[PDB]
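Working notes for the structure below.
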Amino acid sequence: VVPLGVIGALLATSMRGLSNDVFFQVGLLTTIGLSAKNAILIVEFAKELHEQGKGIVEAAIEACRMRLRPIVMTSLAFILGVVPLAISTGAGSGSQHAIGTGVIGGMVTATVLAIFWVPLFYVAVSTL
Amino acid sequence: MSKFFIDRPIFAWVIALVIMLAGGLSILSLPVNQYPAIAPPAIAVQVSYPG
Amino acid sequence: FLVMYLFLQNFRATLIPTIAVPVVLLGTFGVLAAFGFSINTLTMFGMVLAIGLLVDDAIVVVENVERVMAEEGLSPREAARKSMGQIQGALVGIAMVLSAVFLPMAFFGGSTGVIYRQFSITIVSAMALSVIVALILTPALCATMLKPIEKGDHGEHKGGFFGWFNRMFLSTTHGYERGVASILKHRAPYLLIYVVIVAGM
Amino acid sequence: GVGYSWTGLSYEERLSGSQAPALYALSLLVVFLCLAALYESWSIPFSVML
């Protein structure tokens with residue numbers, strides 16, 4: 001699911017216009033970090049709910065139902081934490097613009113999309 | 001591990017305040033600049049010879 | 001602070017993790033002076049990209065304790081005992097997996113290695129002490145009495161102009177669980193669309 | 001047109017001198033909180049820090 005964060009990093013820096021540099025690299029590293037974060041925070045609940053004596057398909061539904069609120073909590077907290085770098089202009093604002101758009105575009109697509117998807121990758125029945 | 005602290009909250013508050021004012025006095029003793037030593041080291045020899 | 005106050009809807013509890021935010025970045029200033037790293041714009045850049053990653057392990061534990069105090073009528077002194085025994089394997093996990101995205105970038109050489117430093121150390125020190133400040137003190141100061149038992153108005157209507165927020169929210173969770181049920185129903189186009197979006201990526 | 005300057009063992013007395021009022025206050029404050037962590041109290045620490 002780290003492509004499902006870096007696709008939004010790519011499209012955000014393309015529609016913003018800022019190019020690939022060292023800031024884009026550290027932005028894609030931190031966006032795969034947060035993608036791993038908000039995926040494992042529900043897949044561990046799915047794992048323990050399955051291995052406490054349930055099946056794989058109902059445990060994922062119960063885990064995502066119980067854990068949708070802290071995911072969107074962390075996501076909106078992060079996006080309001082890193083929006084003032086993207087909106088600011090002034091001294092040294094070019095580096096802030098280079099570091100902000102990539103992480104906002106990575107995070108919103110790691111949040112709004114992967115919540116459907118890490119259950120589908122968890123309930124792969126070859127993982128038996 | 002926890003369970004040693006929910007019954008003993010003053011210990012936790014003291015740990016919080018001591019890391020706070022362990023960093024808060026240490027900010028006043030290190031310098032501030034725009035960027036670190038990003039440039040490579042370079043040595044220049046130089047002579048002048050009039051005419 | 002105010003967006004997580006909008007989430008938590010309680011002024012006596014929302015400052016519980018936002019007093020966890022000044023105790024850590026100052027603590028990262030305890031690390032840099034221990035390592036000779038001077039204050040530059042990249043350290044502040046790391047902290048402002050890390051405050052969103054920072055309070056997450058505290059908001060999940062206050063969310064778990066308010067969930068176990070809303071669903072069950074237990075006092076917070078034992079609700080914290082029930083909560084931290086069952087979510088101990090996640091708040092350390094997100095910190096240990098978020099440190100590892102920045103540990104191998106610090107060992108690289110070149111002029112980009114020193115610019116990868118101050119983006120590594122100021123995050124891994126924060127997440128190394130965000131996990132301990134999540135496990136050592138915020139269950140204690142949420143467990144004393146700072147979450148009083150509030151029943152009757154459990155947020156089903158909640159009054160005021162903010163009262164329809166959770167009313168829309170649980171409807172979105174119902175749409176979300178119906179959507180993920182329809183997702184796990186078919187699952188046939190939902191792998192080829194993954195292949196075409198990585199091919200576009 | 002003639003200035004004065006300090007050298008030798010007195011030269012440091014021209015820079016930031018005795019910080020003894022600072023170190024006394026911070027060193028009493030850290031032990032006041034440390035034995036407060038020992039006691040799980042705040043006013044009982046006063047009775048032994050005075």
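Ordering of the structure tokens sets the chain letters (A, B, ...); residue numbers start at 1 within each chain; ligands are numbered from 1 in the order shown.
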Subject >> Residue list for chain A near chain C as a PyMOL selection string, 7 Å, only C-alpha atoms >> reply: chain A and resi 3+7+29+33+37+41+61+65+70+74+77-78+81-82+116+120
Generate a file of the selected residues that holds C-alpha atoms, formatted as a CSV table (one decimal), in the first residue's frame.
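What ended up in out_23.csv:
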chain,number,residue,atom,x,y,z
A,3,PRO,CA,2.2,2.9,-3.9
A,7,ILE,CA,0.8,8.1,-6.2
A,29,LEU,CA,10.0,8.3,2.8
A,33,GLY,CA,6.1,5.7,6.9
A,37,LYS,CA,1.4,3.5,10.3
A,41,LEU,CA,-3.0,0.3,13.2
A,61,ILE,CA,-14.9,-5.7,9.3
A,65,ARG,CA,-15.5,-0.5,12.2
A,70,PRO,CA,-8.6,7.1,15.2
A,74,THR,CA,-4.5,11.0,13.1
A,77,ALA,CA,-4.4,16.0,12.8
A,78,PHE,CA,-1.4,15.4,10.5
A,81,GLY,CA,-0.2,20.1,11.2
A,82,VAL,CA,1.5,20.3,7.8
A,116,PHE,CA,-10.8,-0.1,1.9
A,120,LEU,CA,-8.6,-6.8,1.0
**OP:** Determine, counting only C-alpha atoms, which protein, DNA and RNA residues have an atom within 9 Å of an atom of segment 27-33 of chain C; residues of the same chain fewer than 5 positions away are not included. Present the result as a VMD selection string.
**Re:** (chain B and resid 19 to 24 26 to 27 29 to 30) or (chain C and resid 22 38 to 39 121 to 123 125 to 126 129)
Could you write out that same residue set with N, CA and C atoms as a PDB file, in the first residue's frame?
ATOM      1  N   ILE B  19      12.270  16.085  31.899  1.00  0.00           N
ATOM      2  CA  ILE B  19      12.726  16.088  30.508  1.00  0.00           C
ATOM      3  C   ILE B  19      12.402  17.426  29.843  1.00  0.00           C
ATOM      4  N   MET B  20      11.287  18.067  30.246  1.00  0.00           N
ATOM      5  CA  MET B  20      10.971  19.424  29.787  1.00  0.00           C
ATOM      6  C   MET B  20      12.076  20.409  30.128  1.00  0.00           C
ATOM      7  N   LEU B  21      12.380  20.565  31.408  1.00  0.00           N
ATOM      8  CA  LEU B  21      13.398  21.525  31.805  1.00  0.00           C
ATOM      9  C   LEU B  21      14.798  20.923  31.826  1.00  0.00           C
ATOM     10  N   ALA B  22      14.986  19.752  31.219  1.00  0.00           N
ATOM     11  CA  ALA B  22      16.302  19.325  30.776  1.00  0.00           C
ATOM     12  C   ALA B  22      16.570  19.778  29.351  1.00  0.00           C
ATOM     13  N   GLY B  23      15.532  19.806  28.510  1.00  0.00           N
ATOM     14  CA  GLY B  23      15.695  20.398  27.190  1.00  0.00           C
ATOM     15  C   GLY B  23      15.620  21.913  27.179  1.00  0.00           C
ATOM     16  N   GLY B  24      14.837  22.490  28.092  1.00  0.00           N
ATOM     17  CA  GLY B  24      14.522  23.907  28.008  1.00  0.00           C
ATOM     18  C   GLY B  24      15.674  24.803  28.420  1.00  0.00           C
ATOM     19  N   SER B  26      18.748  23.550  27.863  1.00  0.00           N
ATOM     20  CA  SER B  26      19.773  23.166  26.901  1.00  0.00           C
ATOM     21  C   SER B  26      19.558  23.834  25.552  1.00  0.00           C
ATOM     22  N   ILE B  27      18.386  24.438  25.325  1.00  0.00           N
ATOM     23  CA  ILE B  27      18.228  25.207  24.085  1.00  0.00           C
ATOM     24  C   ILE B  27      19.043  26.492  24.124  1.00  0.00           C
ATOM     25  N   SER B  29      22.111  26.927  25.059  1.00  0.00           N
ATOM     26  CA  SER B  29      23.548  26.692  25.066  1.00  0.00           C
ATOM     27  C   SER B  29      24.063  26.079  23.771  1.00  0.00           C
ATOM     28  N   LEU B  30      23.233  25.969  22.741  1.00  0.00           N
ATOM     29  CA  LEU B  30      23.713  25.484  21.459  1.00  0.00           C
ATOM     30  C   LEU B  30      23.385  26.518  20.392  1.00  0.00           C
TER      31      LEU B  30
ATOM     32  N   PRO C  22       4.600  19.622  24.377  1.00  0.00           N
ATOM     33  CA  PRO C  22       5.832  20.367  24.706  1.00  0.00           C
ATOM     34  C   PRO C  22       6.862  19.533  25.447  1.00  0.00           C
ATOM     35  N   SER C  38      23.504  21.214  15.740  1.00  0.00           N
ATOM     36  CA  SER C  38      23.059  22.569  16.009  1.00  0.00           C
ATOM     37  C   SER C  38      21.645  22.782  15.492  1.00  0.00           C
ATOM     38  N   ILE C  39      20.977  23.794  16.049  1.00  0.00           N
ATOM     39  CA  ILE C  39      19.639  24.137  15.595  1.00  0.00           C
ATOM     40  C   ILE C  39      19.719  24.786  14.226  1.00  0.00           C
ATOM     41  N   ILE C 121      17.527  12.263  12.764  1.00  0.00           N
ATOM     42  CA  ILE C 121      17.758  12.173  14.204  1.00  0.00           C
ATOM     43  C   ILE C 121      16.651  12.876  14.982  1.00  0.00           C
ATOM     44  N   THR C 122      16.140  13.990  14.448  1.00  0.00           N
ATOM     45  CA  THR C 122      15.092  14.725  15.150  1.00  0.00           C
ATOM     46  C   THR C 122      13.734  14.045  15.053  1.00  0.00           C
ATOM     47  N   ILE C 123      13.598  13.020  14.221  1.00  0.00           N
ATOM     48  CA  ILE C 123      12.377  12.234  14.167  1.00  0.00           C
ATOM     49  C   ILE C 123      12.515  10.953  14.968  1.00  0.00           C
ATOM     50  N   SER C 125      14.520  10.429  17.490  1.00  0.00           N
ATOM     51  CA  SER C 125      14.552  10.749  18.913  1.00  0.00           C
ATOM     52  C   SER C 125      13.154  11.063  19.426  1.00  0.00           C
ATOM     53  N   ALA C 126      12.359  11.759  18.605  1.00  0.00           N
ATOM     54  CA  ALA C 126      10.985  12.077  18.974  1.00  0.00           C
ATOM     55  C   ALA C 126      10.138  10.823  19.105  1.00  0.00           C
ATOM     56  N   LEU C 129      11.060   8.785  22.086  1.00  0.00           N
ATOM     57  CA  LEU C 129      10.542   9.187  23.383  1.00  0.00           C
ATOM     58  C   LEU C 129       9.053   9.510  23.336  1.00  0.00           C
TER      59      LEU C 129
END
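If you measure from each of B:31, B:14, B:25, B:43 to chain C using only C-alpha atoms, the closest one turns out to be B:31.
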**OP:** Please provide the set of residues having any atom within 10 Å of residue 27 of chain A, restricted to only C-alpha atoms, with same-chain residues fewer than 6 positions apart removed, written as a PyMOL selection string.
**Re:** (chain A and resi 6+9+21+33+98-106) or (chain C and resi 49)
**OP:** Extract, using only C-alpha atoms, all DNA, RNA and protein residues at most 6 Å from residue 86 of chain A, discarding same-chain residues fewer than 2 positions from it, and format them as a ChimeraX atom specification.
**Re:** /A:83-84,88,97,100
**OP:** Give as a PyMOL selection string every residue of chain B that touches chain D within 9 Å, counting only C-alpha atoms.
**Re:** chain B and resi 8-15+17-18
Could you save those same residues with C-alpha atoms as a compact mmCIF listing (two decimals), in the first residue's frame?
# COMPACT_ATOMS: atom_id res chain seq x y z
CA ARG B 8 1.96 6.76 41.25
CA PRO B 9 1.20 9.84 39.13
CA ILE B 10 3.66 12.26 40.76
CA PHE B 11 6.54 10.10 39.51
CA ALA B 12 5.22 10.45 35.96
CA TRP B 13 4.72 14.21 36.33
CA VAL B 14 8.27 14.54 37.64
CA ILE B 15 9.68 12.57 34.68
CA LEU B 17 8.87 18.04 33.96
CA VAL B 18 12.49 16.92 34.21
Do a neighbour search on residue 1 of chain A at 10 Å with only C-alpha atoms, toss out local chain neighbours closer than 5 positions, and write the hits as a PDB file with C-alpha atoms, in the first residue's frame.
ATOM      1  CA  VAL A   6       3.364   7.725  -3.363  1.00  0.00           C
ATOM      2  CA  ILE A  32       5.457   5.505   3.151  1.00  0.00           C
ATOM      3  CA  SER A  35       1.047   4.737   5.095  1.00  0.00           C
ATOM      4  CA  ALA A  36       2.568   1.834   7.018  1.00  0.00           C
ATOM      5  CA  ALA A  39      -2.375   0.483   7.741  1.00  0.00           C
ATOM      6  CA  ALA A 110      -2.955   7.000   2.101  1.00  0.00           C
ATOM      7  CA  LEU A 113      -8.181   5.065  -0.168  1.00  0.00           C
ATOM      8  CA  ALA A 114      -6.201   2.400   1.738  1.00  0.00           C
ATOM      9  CA  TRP A 117      -7.701  -1.857   0.721  1.00  0.00           C
ATOM     10  CA  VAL A 118      -5.642  -3.232   3.614  1.00  0.00           C
ATOM     11  CA  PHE A 121      -4.873  -7.453   1.266  1.00  0.00           C
TER      12      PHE A 121
ATOM     13  CA  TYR C 194      -4.368  -1.819  -8.295  1.00  0.00           C
TER      14      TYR C 194
END
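Every protein, DNA or RNA residue with an atom at most 9 Å from segment 47-57 of chain A, where only C-alpha atoms count and chain neighbours fewer than 6 positions away do not, is listed here: residues 63, 119, 122, 123 and 125 of chain A; 184 of chain C.
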Go ahead and dump the residues you just picked, N, CA, C and O atoms, as a tab-separated table (two decimals), in the first residue's frame.
chain	number	residue	atom	x	y	z
A	63	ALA	N	-12.75	-4.86	13.00
A	63	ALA	CA	-11.58	-4.05	13.32
A	63	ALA	C	-11.66	-2.69	12.64
A	63	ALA	O	-11.37	-1.66	13.27
A	119	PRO	N	-7.86	-4.21	4.35
A	119	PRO	CA	-8.62	-5.45	4.59
A	119	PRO	C	-8.57	-6.42	3.42
A	119	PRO	O	-8.46	-7.63	3.65
A	122	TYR	N	-5.44	-8.11	3.56
A	122	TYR	CA	-5.32	-8.99	4.71
A	122	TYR	C	-6.10	-10.29	4.52
A	122	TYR	O	-5.66	-11.35	4.98
A	123	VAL	N	-7.24	-10.25	3.82
A	123	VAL	CA	-8.10	-11.42	3.72
A	123	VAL	C	-7.73	-12.28	2.51
A	123	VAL	O	-8.51	-13.14	2.09
A	125	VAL	N	-6.56	-15.32	1.13
A	125	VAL	CA	-6.69	-16.61	1.81
A	125	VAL	C	-5.47	-17.50	1.61
A	125	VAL	O	-5.36	-18.55	2.24
C	184	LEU	N	-15.20	-6.77	-0.21
C	184	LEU	CA	-14.82	-8.17	-0.03
C	184	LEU	C	-15.83	-9.14	-0.65
C	184	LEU	O	-15.57	-10.35	-0.63
Give me, as a tab-separated table (two decimals) with N, CA and C atoms, in the first residue's frame, all polymer residues having an atom no more than 10 Å from residue 167 of chain C, counting only C-alpha atoms and skipping those fewer than 2 positions away in the same chain.
chain	number	residue	atom	x	y	z
C	155	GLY	N	-23.69	11.29	23.24
C	155	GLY	CA	-23.35	11.76	21.92
C	155	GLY	C	-24.29	11.32	20.82
C	156	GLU	N	-25.49	10.84	21.16
C	156	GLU	CA	-26.44	10.44	20.12
C	156	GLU	C	-27.05	11.66	19.45
C	157	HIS	N	-27.29	12.73	20.21
C	157	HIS	CA	-27.69	14.01	19.65
C	157	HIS	C	-26.79	15.15	20.10
C	158	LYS	N	-26.38	15.16	21.38
C	158	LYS	CA	-25.32	15.97	21.98
C	158	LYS	C	-25.63	17.47	22.04
C	162	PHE	N	-22.57	21.56	17.10
C	162	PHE	CA	-21.62	20.48	16.92
C	162	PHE	C	-22.24	19.11	17.13
C	163	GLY	N	-23.54	19.05	17.42
C	163	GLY	CA	-24.16	17.79	17.80
C	163	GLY	C	-24.42	16.86	16.64
C	164	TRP	N	-24.46	17.39	15.42
C	164	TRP	CA	-24.66	16.53	14.26
C	164	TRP	C	-23.36	16.02	13.68
C	165	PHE	N	-22.22	16.36	14.28
C	165	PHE	CA	-20.92	15.93	13.77
C	165	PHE	C	-20.76	14.42	13.90
C	169	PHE	N	-20.96	11.21	11.50
C	169	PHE	CA	-19.78	10.37	11.53
C	169	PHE	C	-20.13	8.89	11.61
C	170	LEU	N	-21.10	8.52	12.46
C	170	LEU	CA	-21.42	7.10	12.55
C	170	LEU	C	-22.19	6.62	11.32
C	171	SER	N	-22.89	7.54	10.65
C	171	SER	CA	-23.48	7.22	9.35
C	171	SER	C	-22.40	6.97	8.31
C	172	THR	N	-21.30	7.73	8.37
C	172	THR	CA	-20.19	7.45	7.45
C	172	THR	C	-19.50	6.14	7.80
Original post:
Quick one, how far is atom CA of residue 96 of chain A from atom CA of residue 110 of chain C?
Top reply: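 Between these atoms lies a distance of 23.1 Å.
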Original post:
as number ranges by chain, which residues of segment 12-191 of chain C does DSSP assign to helix (DSSP H, G or I)?
Top reply: C: 12-18, 22-35, 41-54, 56-71, 76-84, 88-99, 111-116, 121-136, 138-143, 165-186, 189-191
Produce a table with one row for each residue of chain C that has an atom at most 10 Å from any atom of chain B, each row naming the nearest atom pair and its distance in Å at one decimal; use only C-alpha atoms; arrange rows by chain and rising residue number; format as CSV.
residue,atom,partner,partner_atom,distance
C:19,CA,B:16,CA,9.7
C:20,CA,B:16,CA,8.6
C:22,CA,B:20,CA,7.3
C:23,CA,B:20,CA,5.1
C:24,CA,B:20,CA,7.4
C:25,CA,B:23,CA,8.3
C:26,CA,B:23,CA,4.7
C:27,CA,B:23,CA,5.2
C:28,CA,B:23,CA,7.3
C:29,CA,B:23,CA,5.3
C:30,CA,B:23,CA,4.6
C:31,CA,B:23,CA,8.3
C:32,CA,B:30,CA,8.8
C:33,CA,B:30,CA,6.6
C:34,CA,B:26,CA,9.4
C:36,CA,B:30,CA,8.1
C:37,CA,B:30,CA,8.5
C:38,CA,B:31,CA,5.8
C:39,CA,B:32,CA,4.7
C:40,CA,B:34,CA,5.1
C:41,CA,B:34,CA,5.7
C:42,CA,B:35,CA,7.5
C:43,CA,B:35,CA,9.8
C:77,CA,B:6,CA,7.6
C:78,CA,B:6,CA,9.6
C:80,CA,B:6,CA,8.2
C:81,CA,B:3,CA,7.5
C:84,CA,B:2,CA,8.2
C:85,CA,B:2,CA,9.2
C:88,CA,B:1,CA,9.6
C:110,CA,B:40,CA,8.7
C:111,CA,B:38,CA,5.7
C:112,CA,B:38,CA,7.9
C:113,CA,B:38,CA,9.0
C:114,CA,B:38,CA,6.5
C:115,CA,B:38,CA,7.0
C:117,CA,B:36,CA,9.6
C:118,CA,B:36,CA,8.9
C:132,CA,B:1,CA,9.0
C:133,CA,B:16,CA,7.8
C:135,CA,B:2,CA,6.4
C:136,CA,B:2,CA,5.9
C:137,CA,B:12,CA,5.1
C:138,CA,B:12,CA,8.5
C:139,CA,B:6,CA,6.5
C:140,CA,B:6,CA,4.0
C:141,CA,B:9,CA,6.7
C:142,CA,B:6,CA,8.7
C:143,CA,B:6,CA,6.5
C:144,CA,B:6,CA,7.4
